[PDB]
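**Student:** A structural model of the following input is requested.
(chains A, B, C, D and E)
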Amino acid sequence: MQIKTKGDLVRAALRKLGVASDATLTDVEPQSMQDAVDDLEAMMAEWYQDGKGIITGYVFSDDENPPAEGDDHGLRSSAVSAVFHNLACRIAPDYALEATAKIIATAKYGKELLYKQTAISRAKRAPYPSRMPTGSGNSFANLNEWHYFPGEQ
Amino acid sequence: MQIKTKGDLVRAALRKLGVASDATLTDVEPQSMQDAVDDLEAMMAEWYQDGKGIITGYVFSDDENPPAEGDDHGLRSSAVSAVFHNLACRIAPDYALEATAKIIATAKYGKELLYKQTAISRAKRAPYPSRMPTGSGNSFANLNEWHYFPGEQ
Amino acid sequence: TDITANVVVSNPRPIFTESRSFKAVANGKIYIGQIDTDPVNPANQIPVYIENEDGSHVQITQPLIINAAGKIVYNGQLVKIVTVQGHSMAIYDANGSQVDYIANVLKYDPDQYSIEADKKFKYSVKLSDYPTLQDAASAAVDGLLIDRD
Amino acid sequence: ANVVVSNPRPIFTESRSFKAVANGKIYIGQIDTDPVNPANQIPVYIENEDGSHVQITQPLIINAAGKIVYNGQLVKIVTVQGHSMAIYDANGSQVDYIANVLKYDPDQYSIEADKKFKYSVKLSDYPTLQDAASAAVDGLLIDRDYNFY
Amino acid sequence: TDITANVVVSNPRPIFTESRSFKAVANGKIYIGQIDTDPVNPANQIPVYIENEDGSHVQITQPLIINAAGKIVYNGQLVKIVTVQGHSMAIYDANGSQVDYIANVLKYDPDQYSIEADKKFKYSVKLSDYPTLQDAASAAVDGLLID
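**Tutor:** Numbering: from 1, shown residues only, chains lettered A, B, ... in the order given. See below for the structure:
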């Protein structure tokens, strides 16, 4: 994928913003990288919300390793194009730059695609209520004295 | 998390506003940091409303330890990305700046996600009224002379 | 053995912390005054200089301001403060209490025998210890001695 | 414009982490020896700002900030001989060991230097000529251009 | 009473902490060079010597590592890393970000005053110290004094 490391995400976001790339002759300054990776960790910690949020493969650094830029991230190949686009949309307030509308639309699309699979997987129907008889057609649960549904428990 | 202390939130807000960060030549005078910390404490006390408002892990300075900027904040990792964005939004009138629209949207999203879990947990249904009979199908509460529901009490 | 090596690599910016807990004093005033005197009184204070890169020493107001990092700060930036040795130090918190008070900073010196010993002897370099003549002559005060090498 | 302003108060921190060694213990022993055993140590003394000295029990304690404290106030501790210190945490682990805080022994070397050096004094350290001559023996230097009256 | 004071209990290890915050430099690098120059380039660097527990010096490479506590680590915590002359300090952070840069720094070694005193003063054994004259002359070097 060639975007294995968090530093790759930061560099891609900066290049998208036009701050530091090779298409523009400027280079990345380390403190910008540190600020961007801190902001990326903060943003990613808000989306997951301990599980009740957007579920994506991501490893949060325990800070045992001091340099958090070089370590790997567990993002699946489909979420990368959303994560760094959202990161680039968020970073621009740090400078006076404003993100282009294309980046905003791409971030919207990426987040929607991120959450759609979990939305499909989490749409489950509730069981039968406790006071609902099972009709005389079952003929086995009816013979086992188990006339009524157990309930939501 | 690298944002353990309150001064870390203040510095993150200042960086997001672009006033001062690590890679800037000029820096703000410590009385500005003290004023920002006082404003942050005021903001967090107004949301709590004494247990009846937004509930998040937060410890208020007891004033016995002199520097309230240095002590740690009990915020969980998910609320950090909202607290300093809101602090940066409130700090803009302190200077001559005005907060960018992206920061406003991020603060809105952060507060909504802060309150959604408490809103889910506080949506409870009241018990049965006082003058509501229990039907003849219970067969145990009916035989225990307890024909009617107790009430909200 | 290899060389004189009289210079120690250490922290070049001083750090001031609280007395009751472990956290840097934020917005805490620092006062500097004469020996065994109260620096809070403006009559007992001594000039305090900022040493820029150029070597020019610029005097500043007596109450020095600390930042959230625990280091002396002028107008938001870290500075190097140099004063005449022998100054009492009084650190005050932002609230207005007293963190520390030191009558003589020269007393908080790991080696105090050297101060007493320096007074009561004569200084004269021996030619034996130094390798060459110029090195002995340069560091020579109050006469020399002529020995082997 | 000679000595940089710095905090001379000692702060004791852990070796492998940024902590304050809360409620630690410091043992001041004899030169190049282990001070844990109770037989092999030297007396320690408090030095107040005025100049009085008080005898102190061996197991020096550390405050929550990381500074030595006696009763409820920060103190300064002075020993007469050279010593080896050993800092321990609250759980009994070893934080740091120094065989020689000073590589030489001040007392024996002081006696030797008294034996093998001349006792002449200079005027530079002493404000007045009479004060210099009062404590001067075996010689005097007239260093500075002393004014007659 | 008022007993003589010779040595005070003090911490002999320095801590390097990040400016603008109260954190310790995790695994930064310290570059030591000439007075008003850039310590990064090889030309401006100056020799750096360890000081062991016993008097001895071992030279090491210029970039100095820092452990999590903020003290220079080497393999185990290293003692006083004494250099010569007045150097310029250029502390870098873990990911190559400049923490602080200072032009002129000079702090003298408090240890080993015996060697400096021996190299400083001149010898006069006197006569009151020794009982007789022969033993006094035996230990007399480049001088002698009478009662």
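**Student:** how far away is residue C:57 from chain E?
**Tutor:** Using C-beta to the nearest C-beta, to the nearest Å, residue C:57 is found at 12 Å from chain E. The C-beta positions use only the backbone N, C-alpha and C, and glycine is treated the same way.
**Student:** do residue A:87 as well
**Tutor:** 17 Å.
**Student:** Contact residues of chain C facing chain B?
**Tutor:** By C-beta under 8 Å from any C-beta of the partner chain, the residues of chain C that approach chain B are C:18, C:20-21, C:23-27, C:65-68, C:73, C:75-77, C:93-95, C:97.
**Student:** Report the entries of these that also contact chain E.
**Tutor:** Counting by C-beta under 8 Å from any C-beta, C:23, C:24, C:67, C:68 from these sit close to chain E.
**Student:** How about the first one, nearest residue that isn't a chain neighbour?
**Tutor:** By that I understand residue C:23. Spatial nearest neighbour of residue C:23, chain neighbours left out: residue B:70 (3.6 Å); criterion: C-beta to C-beta, 6 or more residues apart in numbering or on different chains.
**Student:** Any figure for the gap between the residue nearest to residue C:66 when sequence neighbours are not counted and residue C:69?
**Tutor:** Excluding its sequence neighbours, the residue lying closest to residue C:66 (C-beta to C-beta, 6+ apart) is residue C:28, at 4.7 Å. According to C-beta to C-beta, to the nearest Å, residue C:28 stands 12 Å off from residue C:69.
**Student:** Contact partners for the residue nearest to residue C:66?
**Tutor:** Residues near residue C:28 by C-beta atoms under 8 Å, 6 or more residues apart in numbering or on different chains: C:16, C:65, C:66, C:91, C:92, C:93, C:94, C:99.
**Student:** re the thing from before, just confirm the residue nearest to residue C:23 is within a helix.
**Tutor:** No. Looking at residue B:70 with DSSP: H, G, I helix; E, B strand; the rest coil, it is coil, so not inside a helix.
**Student:** wait, doesn't it sit right on residue C:27?
**Tutor:** No. In this structure, residue B:70 is not within contact of residue C:27 by C-beta atoms under 8 Å, at 11.1 Å.
**Student:** thinking again about what came up before, drop anything exposed from the ones next to chain E among the residues of chain C next to chain B.
**Tutor:** Among those, the ones that count as buried by 16 or more other C-beta atoms under 10 Å in any protein chain shown are C:23, C:24, C:67, C:68.
**Student:** Of those, which is the nearest to residue B:27?
**Tutor:** residue C:67 (8.3 Å; C-beta to C-beta).
**Student:** What distance do you get for the closest one to residue B:95?
**Tutor:** For residue C:67, the distance to residue B:95 - C-beta to C-beta - is 19 Å.
**Student:** Likewise for residue C:73?
**Tutor:** Distance, residue C:73 to residue B:95, by C-beta to C-beta: 20 Å.
**Student:** who has more neighbours, the two?
**Tutor:** Ranked by neighbour count (other C-beta atoms under 10 Å in any protein chain shown), residue C:73 and residue B:95 place residue C:73 first, with 21 against 12.
**Student:** what's the helix or strand for the more buried one?
**Tutor:** Residue C:73 belongs to strand C:72-74 when assigned by DSSP states H and E.
**Student:** What strands line up against that strand, and which way round?
**Tutor:** Looking at strand C:72-74 with DSSP bridges, its partner strands are strand C:64-66 (antiparallel), strand C:77-78 (antiparallel).
**Student:** Got phi/psi on residue A:102?
**Tutor:** The phi and psi values for residue A:102, taken as degrees, to the nearest 10, are phi -60, psi -40.
**Student:** all helices for chain A, in order.
**Tutor:** Remark: helices assigned in chain A by DSSP state H are A:6-17, A:30-48, A:80-91, A:101-121.
**Student:** Near residue A:151, how many other residues are there?
**Tutor:** Residue A:151: 11 neighbours (other C-beta under 10 Å).
**Student:** how near is residue C:76 to residue C:69?
**Tutor:** As judged by C-beta to C-beta, residue C:76 and residue C:69 stand 12 Å apart.
**Student:** Name the residue in those two with the higher neighbour count.
**Tutor:** Set residue C:76 next to residue C:69 and count neighbours by other C-beta under 10 Å: residue C:69 wins out with 23 against 17.
**Student:** distance between the ends of stretch A:92-103?
**Tutor:** For stretch A:92-103, the separation between the terminal residues is 11 Å (C-alpha to C-alpha, to the nearest Å).
**Student:** check contacts around residue 37.
**Tutor:** I'll assume chain A. Applying C-beta under 8 Å, 6+ apart, we find residue A:37 in contact with A:6, A:7, A:10, A:68, A:69.
**Student:** oops, I was thinking of chain C
**Tutor:** Here residue C:37 is in contact with C:44, C:88 (C-beta under 8 Å, 6+ apart).
**Student:** What's the separation between it and residue C:61?
**Tutor:** From residue C:37 across to residue C:61, the span is 18 Å (C-beta to C-beta).
**Student:** mind checking how far the strand holding residue C:73 is from the chain centre?
**Tutor:** 16 Å (C-alpha atoms, centre = their mean, to the nearest Å).
**Student:** Give me the residues contacting it.
**Tutor:** For strand C:72-74, contacts defined as C-beta under 8 Å, 6+ apart pick out B:29-30, C:13-14, C:30, C:50, C:60, C:64-67, C:78-79, C:81, D:5.
**Student:** Can you select the buried ones from those residues in PyMOL?
**Tutor:** To isolate the buried ones among the contacts of strand C:72-74 in PyMOL, judged by 16+ other C-beta under 10 Å, type:
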select buried, (chain B and resi 30) or (chain C and resi 13+14+30+64+65+66+67+78+79+81) or (chain D and resi 5)
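**Student:** Return the member of the contacts of strand C:72-74 nearest to residue C:117.
**Tutor:** Within those, the smallest distance to residue C:117 is 26.2 Å, found for residue D:5 (C-beta to C-beta).
**Student:** Relative to residue C:83, how far out is the closest one?
**Tutor:** 6 Å.
**Student:** Show me whatever sits in contact with both of those two.
**Tutor:** By C-beta under 8 Å, 6+ apart, the residues touching both residue D:5 and residue C:83 are C:32, C:48.
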